[PDB]
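Single chain ahead, by itself, as structure tokens, in the form deposited in one PDB entry.
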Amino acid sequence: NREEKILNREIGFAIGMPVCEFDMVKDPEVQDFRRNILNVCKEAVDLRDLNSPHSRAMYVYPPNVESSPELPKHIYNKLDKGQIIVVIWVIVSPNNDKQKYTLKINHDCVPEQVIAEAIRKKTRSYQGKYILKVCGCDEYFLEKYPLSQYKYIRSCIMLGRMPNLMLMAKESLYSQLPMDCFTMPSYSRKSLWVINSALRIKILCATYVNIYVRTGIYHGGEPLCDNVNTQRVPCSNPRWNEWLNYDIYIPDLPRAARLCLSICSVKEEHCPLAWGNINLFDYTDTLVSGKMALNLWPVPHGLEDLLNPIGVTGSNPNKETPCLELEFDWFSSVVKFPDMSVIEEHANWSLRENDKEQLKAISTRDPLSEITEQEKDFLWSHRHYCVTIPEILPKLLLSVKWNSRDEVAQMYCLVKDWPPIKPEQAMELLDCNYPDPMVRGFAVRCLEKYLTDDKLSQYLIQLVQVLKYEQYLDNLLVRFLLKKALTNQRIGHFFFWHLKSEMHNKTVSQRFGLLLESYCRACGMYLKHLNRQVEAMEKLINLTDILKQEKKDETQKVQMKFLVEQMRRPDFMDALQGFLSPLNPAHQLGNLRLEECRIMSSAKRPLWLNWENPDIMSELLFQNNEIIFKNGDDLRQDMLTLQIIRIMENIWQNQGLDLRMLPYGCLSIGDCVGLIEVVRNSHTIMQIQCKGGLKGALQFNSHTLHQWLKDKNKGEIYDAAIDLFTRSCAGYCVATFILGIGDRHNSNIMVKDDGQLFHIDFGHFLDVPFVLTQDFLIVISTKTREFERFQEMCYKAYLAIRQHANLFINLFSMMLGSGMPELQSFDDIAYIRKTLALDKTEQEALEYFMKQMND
């Protein structure tokens, strides 16, 4: 049909590759995924069309709310007797005159009550036929949440700013909602464990080789038996035809067993050349048999062993690579993995107070803390009591002998009825350590039952990452993520972008490509806006690449002239004008203010772009939006660091210490190509010093910052600015120490006109003292009550963050999958286990941090 073809073209533009390439993939799992994934799209669409137009309006404009309605003590105290002052705006007449109405109302009021009191205050001079929009952006208060629970409202209460909302007729918004029509695509319409034998595989021959073959059987990262080296054969004739036998009975193979192979050379000096991984069982539970051709992958940098087990599974798309031919035993009939019923049958067939408290203390430990064989057998002998302390499930799982079908079946049974645990603890069961499908299903159930969409957006990147650890295209994790992304556009935006930002990686090009196909097919009208964003980023990448490639070594003004010339090309202006900000899709970006765009030139010619805000009430939020488009350096590290900083600020706020951090927006959109939010009214310390040097030929003294702030904050604003600086500074001190952020200096740090301090450009982390300039110490006031409160702040924040070491360590263990340089093995993560003194006690870690900050 016509709709099908147009949708195919748009989806191909959005994903990068055309839809027709997926059809030519003669892979049963690929077509089966493309077809079976559509049930999730159908569920999402039905949930959208369920409750008439309000359901769609909620799908497109979901509430940006905190997970808990309860306010911290200090946040509530900032309220006027538990109430908040709110300005509600109304546009009247065709001229659209803006009339404000100020109200003082209970912080826990529903938007309906707010609208009611607003109409009351307005008539002193309906029937719920209105809704509340945020003045200056496309965020809506469509749900009966308590106002204070909306992130915007809680932010206004924390910042002392006053919330400005616009009253808007509901019909005016529903008229702006397209009648979406998701069209179903055109591509939709035995022996068991009886084998009882040892596993053996024939390595046949290898092509495209320019030595021996090392192989092993693994369950996730652990080997189910010893590795087997084949006969060292000359590279001229890469023909082994050898048979490799392993110390593993065939039915003893767990469900997620994997064959990991690589080709090594010798000088003495063993060196890998090309690696590969194969699923012993396919997506239909069938045990693979017969001949099989696997194209290998190039080696990643800094590989310790001669094998890459943690690497993706599947044949290299580029078939012009090393190709290894293999042979698997073929028995009576097609072998399948047993049904859960046979598992339960074979499982049924197959205690002191001090010991229970020992189990509890074990569960308390952090993930990276190793467990001993004695402790493993101890947890296993007490596997049933561990159900009472559920958060020990990760270590219990780690204590299993996955090469024994008996223990595997009994653990399956224990999982089928295992109690649910917190999402922060359920994510630990999804990294590379736990490839078992039942464990991952339990974790996905925990997430589905106990994860708010706020917390989902807060951890969306880690989940998109752990997607790579999935044994098969079709699994419960991807279906959960896809349902949420197709029922919540705020989540689907960063879902799509986290996926697309890695389409360049042929390791996951297939998986993410198919997932993006399904999403774009079911996402609705937002595909047009995503396409406009993609074309804008395309033009920006073109301009940045061309800039350096052809004009790199010109002067600032000549590069500026060329940038103004090419940026004015109509095919370019149309592309970069009138679209949604990928950093925050609620932000419209209208026409470019070219007079305000420039090339920073600090590193790799970053672009500083400036758009007008076309919002009807842009002036009440910001009339201009600024973004740094950087094509050059990797921003994934920055994304993760800013996420962790936001989480630390959330912890501190919910624990009762107001250390205002600044986790500004940062989004990697492609191979080292990304965007960065621009914090208004912010300058680097080096900028302050240069502006305050007061001498063309003289150096720059430190005592300038306090003077600059006092100038920018005169009167009663002075103490407030000093407090803001001190608190934000203590927060960032503790953050940078714990995370081991790279070299700080006078331009890595920034301050705002009201005193807030923050950091930028997190080059390398996890590889130790703060700058603590005489500037900072003079702003705080060495021997004053101010510094006493400062040290108290720092110690309290260090303890608060030490209390969530499990969460932070799990976040890093999940990000391990992404090919980030400063994060390649658990050894890099151990730096946090160091700086937080996990193996020490509370008082011990307190003394440790005191001494570390004394230096």
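One-based numbering along the sequence shown.
Only in words, not in the display: the form deposited with a small molecule bound, which the text now covers.
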Would residue 826 show up as a contact with the small molecule in the deposited complex if we use heavy atoms at 4.5 Å?
yes
According to a 4.5 angstroms non-hydrogen atom cut-off, is residue 433 in contact with the small molecule in the deposited complex?
yes
Answer for residue 442 alone: is it within 4.5 Å of the small molecule in the deposited complex, judged on heavy atom distances?
no
How about residue 732: is it within 4.5 Å of the small molecule in the deposited complex, going by heavy atoms?
no
Answer option from 75, 248, 766, 368, heavy atom within 4.5 Å of the small molecule in the deposited complex
368
Check each of 797, 816, 805, 40 and return the one that places a heavy atom within 4.5 angstroms of the small molecule in the deposited complex.
816
Residues in which of 710-718, 424-432, 452-460, 616-624 have heavy atoms within 4.5 Å of the small molecule in the deposited complex?
424-432
